[PDB]
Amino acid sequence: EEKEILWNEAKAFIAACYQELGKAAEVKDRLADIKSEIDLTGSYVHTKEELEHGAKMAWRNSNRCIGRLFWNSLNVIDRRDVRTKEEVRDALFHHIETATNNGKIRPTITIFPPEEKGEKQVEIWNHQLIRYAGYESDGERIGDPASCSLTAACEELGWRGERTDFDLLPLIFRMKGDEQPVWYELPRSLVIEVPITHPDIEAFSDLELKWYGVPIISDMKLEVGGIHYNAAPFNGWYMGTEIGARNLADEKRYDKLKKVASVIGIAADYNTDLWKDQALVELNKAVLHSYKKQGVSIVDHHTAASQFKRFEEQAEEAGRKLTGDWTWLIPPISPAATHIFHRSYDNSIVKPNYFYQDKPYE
């Protein structure tokens, strides 16, 4: 069954990819080659062109992503040549540096060798390459609760954090053939962080909030033409609400709205005062202001939705069906001020695509 599944996915992908690349005439011959290769080896290897375009298609097909207008400008780094943990580490460091680009963030994906027999070659444990630790013990909560299980796993392995609310987790990944992952502390020279200040409320800095500049998601599987790239970290840049409305606001994350209300000078006593809503707006204004001030790319949810409308229009012009997940595309503040709220989307799954996979810790 496995081989047949692979061959079917390969036939669909190659046809579509080569069609999009103006290479329709090469399909027959390429498919023949792939079919022999599957017979004799159990798999097939993508050309560089296939791999690049496949990673772009996968972004274009990500139903939950409002940022898809820019799918064709993904910078694809092909690292299928890595064999050692130093090579992996150095590729991840490189990805951070080139994606960061001094703050003018470049959407980038680094693709490592794919699973073979469902056997991973490289297994990345980080949820994002840059992310803060979380601790919970003796009633005491420090840092990012979303990171508690991974933090615990790192500390089992000899890493120890300073126990600030913003400790950078080490890179942590496992190689085929090793029982345990290895970990490496992130060089601070590679990591841009943004202190959160507010454009006109001076006290906002008293909250001592910060966040990291570049979200590099490193635990999803890229599937292209039946090949499973389980290790393929990618990034765009933030939409401000991801930080201001969720990471810093959720009760199960940094839970900052009461503190925000206090520094902006409003009571947090009555639901009818809409103080949470007001605090959310000011915290989100601060996040956008702060990234812009530090010269780190970010987009607000209004501009993001406007770009997404153009993506809808582009798909139409291209004669491509549009898929989307309304429940994730709407922003978590003022969703009905965006066009997204007022239309519906077909949440069908089209491949190539990015998929969740099981956590190796937990």
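Start at 1 and count along the sequence shown; that's the residue number.
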item: 183-191 set against 275-283, stretch whose average Cα temperature factor tops the other in the entry; value: 183-191
item: Which of 93-101 and 130-138 has higher mean CA B factor, as the PDB entry lists it; value: 130-138
item: Residue with maximal Cα B-factor (values as given in the PDB entry) among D167, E242, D250, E119; value: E119
item: Highest-ranked of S334, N63, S36, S306 once sorted by CA temperature factor in the record; value: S36
item: Third of the chain's Cα B-factor distribution that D206 belongs to, per the entry; value: highest
item: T338 - which third its CA temperature factor falls in, relative to the rest of the chain; value: lowest
item: Position of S297 among the chain's modelled residues by C-alpha B-factor, lowest, middle or highest third; value: lowest
item: For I330, the third of its chain into which the C-alpha B factor falls; value: lowest
item: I217, C-alpha B-factor rank within chain (lowest, middle or highest third); value: lowest
